[PDB]
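Working notes for the structure below.
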Amino acid sequence: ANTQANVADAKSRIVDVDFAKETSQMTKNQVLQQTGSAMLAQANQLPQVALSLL
Amino acid sequence: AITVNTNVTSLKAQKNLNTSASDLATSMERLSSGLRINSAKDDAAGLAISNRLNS
């Protein structure tokens with residue numbers, strides 16, 4: 001029983017996820033998605049300077 | 001003089017407009033990426049310092 005407890009602890013250190021870290025990464029990538037979407041939508045409007053010159 | 005064959009004001013306006021467009025594209029890239037240094041064009045010593053800190 002002792003050894004089972006210690007070995008399950010050891011395995012958990014390797015296999016399981018950390019919620020405190022992974023939620024932070026998720027929120028960071030959410031914000032980056034919104035920023036990149038805005039920036040790409042603004043980037044697709046660059047060829048319209050030619051209509052002004054034309 | 002009143003000339004038709006050469007227009008210098010247009011040449012200078014073209015160069016200013018090109019400079020402005022280049023600056024805007026650079027800013028757009030930096031906001032899309034989230035990083036100040038995207039190449040070694042930007043900051044060369046900071047690139048190496050940051051590679052070591054990343055290691």
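Numbering starts fresh at 1 for the residues of each chain in the structure tokens, the chains themselves are lettered A, B, ... in the order given, and ligands are numbered from 1 as they appear.
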Let's see if you can do this: from backbone DSSP, list all helix (DSSP H, G or I) residues in chain B, as a PDB file with C-alpha atoms, in the first residue's frame.
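Result file out29.pdb:
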ATOM      1  CA  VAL B   8       9.734  66.854 -59.597  1.00  0.00           C
ATOM      2  CA  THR B   9       6.996  67.536 -57.049  1.00  0.00           C
ATOM      3  CA  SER B  10       5.435  64.229 -58.074  1.00  0.00           C
ATOM      4  CA  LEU B  11       8.734  62.388 -57.552  1.00  0.00           C
ATOM      5  CA  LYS B  12       9.115  63.771 -54.040  1.00  0.00           C
ATOM      6  CA  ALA B  13       5.481  63.023 -53.167  1.00  0.00           C
ATOM      7  CA  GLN B  14       5.977  59.443 -54.372  1.00  0.00           C
ATOM      8  CA  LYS B  15       8.977  58.989 -52.104  1.00  0.00           C
ATOM      9  CA  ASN B  16       7.167  60.350 -49.035  1.00  0.00           C
ATOM     10  CA  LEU B  17       4.126  58.148 -49.693  1.00  0.00           C
ATOM     11  CA  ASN B  18       6.339  55.071 -50.013  1.00  0.00           C
ATOM     12  CA  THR B  19       8.094  55.836 -46.720  1.00  0.00           C
ATOM     13  CA  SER B  20       4.756  56.169 -44.932  1.00  0.00           C
ATOM     14  CA  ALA B  21       3.435  52.897 -46.385  1.00  0.00           C
ATOM     15  CA  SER B  22       6.557  51.011 -45.296  1.00  0.00           C
ATOM     16  CA  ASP B  23       6.270  52.330 -41.732  1.00  0.00           C
ATOM     17  CA  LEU B  24       2.598  51.341 -41.547  1.00  0.00           C
ATOM     18  CA  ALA B  25       3.312  47.802 -42.768  1.00  0.00           C
ATOM     19  CA  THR B  26       6.042  47.388 -40.140  1.00  0.00           C
ATOM     20  CA  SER B  27       3.689  48.507 -37.365  1.00  0.00           C
ATOM     21  CA  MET B  28       0.938  46.158 -38.587  1.00  0.00           C
ATOM     22  CA  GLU B  29       3.358  43.216 -38.476  1.00  0.00           C
ATOM     23  CA  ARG B  30       4.498  44.077 -34.953  1.00  0.00           C
ATOM     24  CA  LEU B  31       0.913  44.282 -33.658  1.00  0.00           C
ATOM     25  CA  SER B  32      -0.035  41.009 -35.348  1.00  0.00           C
ATOM     26  CA  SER B  33       2.938  39.112 -33.916  1.00  0.00           C
ATOM     27  CA  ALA B  44      20.805  42.335 -33.363  1.00  0.00           C
ATOM     28  CA  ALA B  45      22.362  42.308 -29.889  1.00  0.00           C
ATOM     29  CA  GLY B  46      18.967  41.907 -28.240  1.00  0.00           C
ATOM     30  CA  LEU B  47      18.331  38.875 -30.439  1.00  0.00           C
ATOM     31  CA  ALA B  48      21.373  37.052 -29.041  1.00  0.00           C
ATOM     32  CA  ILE B  49      20.776  38.183 -25.457  1.00  0.00           C
ATOM     33  CA  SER B  50      17.206  36.908 -25.727  1.00  0.00           C
ATOM     34  CA  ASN B  51      18.313  33.592 -27.236  1.00  0.00           C
ATOM     35  CA  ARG B  52      20.518  33.040 -24.187  1.00  0.00           C
ATOM     36  CA  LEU B  53      17.768  34.044 -21.745  1.00  0.00           C
ATOM     37  CA  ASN B  54      15.413  31.683 -23.588  1.00  0.00           C
TER      38      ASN B  54
END
At most 10 Å to chain B: residues in chain A, only C-alpha atoms, as a list in words: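 Matching residues, ligands excluded from the count: residues 32, 33, 34, 35, 36, 37, 38, 39, 40, 42, 43, 46 and 49 of chain A.
Taking CA of residue 17 in chain A and CA of residue 29 in chain A as the two end points, the separation is 17.6 Å.
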May I ask for the distance between CA of residue 36 in chain B and CA of residue 48 in chain A, given in Å to one decimal place? 27.3 Å
